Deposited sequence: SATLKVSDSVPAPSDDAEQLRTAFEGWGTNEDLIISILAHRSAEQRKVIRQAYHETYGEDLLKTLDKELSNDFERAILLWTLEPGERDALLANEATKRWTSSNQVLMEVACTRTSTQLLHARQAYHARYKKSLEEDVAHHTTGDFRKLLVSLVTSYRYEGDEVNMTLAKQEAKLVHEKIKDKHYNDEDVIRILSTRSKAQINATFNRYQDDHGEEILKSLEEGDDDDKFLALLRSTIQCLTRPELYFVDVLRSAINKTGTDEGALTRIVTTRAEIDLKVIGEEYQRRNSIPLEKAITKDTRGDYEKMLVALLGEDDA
């Protein structure tokens, strides 16, 4: 599900560092970084630091940051630190509309979320939980906190019996529109993804309609419902959530800033390919084309290259 195309043969890290050093003092930045594995990128920064006694990304942390710079930053950081950074920004100016915390918590494996929590300790001298719990409110806080603290079991075991009872419970609640119900939050934040999927399968069978369809009758301005919706999507079929967010970003309709750069950089090495396929089906136009639709500067260039479509 990865789009990133890594050179089956890459030069020595020191040579990449030298070139990158020259490029930083632009198609050379794309040619290199967008075609290196996370491991190789790690080595490159490391070699760069040894040679110049300065981190390659030092000039990009700045928030008076250019889109292209921003993309380089997110992409060249280690996944854990990147997620810690994204989570931190989400908490700094949180609003009922921000769902990035949920995103990082539900589209990551338990291990990746742990790395994010550890990188968070190192970079911010605090735990992700305390900040989320500190700056979020009401029901939003109850779900977001439960989600970021989880360290889910990832095996395939499924307890069909439990799946049916909890499917029952979730229905009795969504029914009277108690989206913020205690058990609903518990199930989505504690059960494994396999068990949750089985729970919603039983939900659909035992009651006829699909879970998301069920929630479509609710108010569209209910920010919590919107959050619960995305939560269910990200735990079930993430691509569905990512495609919708990509849609609003490109159509400059969203209130989710940096969404485009975040999605491409955070998923390129994971499931961007499947996200792309879905984007194409849902819009008829390939994602790389939608990105280079009006402009094609270094920024758009970097993104399409991460999508494996350099000349798009």
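Novice: Numbered from 1 along the deposited sequence, what ranges are absent from the coordinates?
Specialist: Missing C-alpha atoms (numbering from 1) occur across the range 26-30 alone.
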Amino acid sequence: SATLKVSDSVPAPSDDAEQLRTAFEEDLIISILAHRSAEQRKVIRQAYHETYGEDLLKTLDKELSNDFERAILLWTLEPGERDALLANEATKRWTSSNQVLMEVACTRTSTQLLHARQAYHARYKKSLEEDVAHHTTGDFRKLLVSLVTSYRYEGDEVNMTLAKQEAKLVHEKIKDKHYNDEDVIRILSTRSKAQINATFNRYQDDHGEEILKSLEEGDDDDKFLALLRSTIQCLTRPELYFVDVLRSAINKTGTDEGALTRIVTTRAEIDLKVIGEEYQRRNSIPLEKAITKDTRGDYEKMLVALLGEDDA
From here on, numbers count along this sequence of modelled residues.
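Novice: Using only C-alpha atoms and the B-factors in the entry, which stretch averages higher, 209-217 or 102-110?
Specialist: Averaging CA B-factors over each stretch, the winner is 209-217.
Novice: Which has higher Cα B-factors on average according to the PDB entry: 149-157 or 170-178?
Specialist: Per the deposited B-factors, the answer is 170-178.
Novice: Which has the highest CA B-factor per the PDB entry: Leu260, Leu272, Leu64, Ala34?
Specialist: Of the options given, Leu64 has the highest CA B-factor in the PDB entry.
Novice: Highest Cα temperature factor in the entry, among the options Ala268, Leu56, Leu287, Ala47: which one is it?
Specialist: In this record, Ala47 carries the highest C-alpha B-factor of the candidates.
Novice: Going by the CA temperature factor in the PDB record, which third of the chain does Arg229 belong to: lowest, middle or highest?
Specialist: Lowest third of the chain for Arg229's C-alpha B-factor.
Novice: How does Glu26 rank on Cα B-factor within its chain, lowest, middle or highest third?
Specialist: Highest third - that is where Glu26 ends up once the chain's C-alpha B-factors are sorted.
Novice: Could you place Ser96 in the lowest, middle or highest third of its chain by Cα temperature factor, using the values in the record?
Specialist: Its C-alpha B-factor, which the entry lists for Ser96, ranks in the middle third among residues of this chain.
Novice: Based on the entry's values, in what third of the chain does the Cα temperature factor of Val43 lie: lowest, middle or highest?
Specialist: Lowest third.
Novice: Please place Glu81 in the lowest, middle or highest third of its chain by C-alpha B factor as given in the entry.
Specialist: CA B-factor rank for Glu81: middle third.
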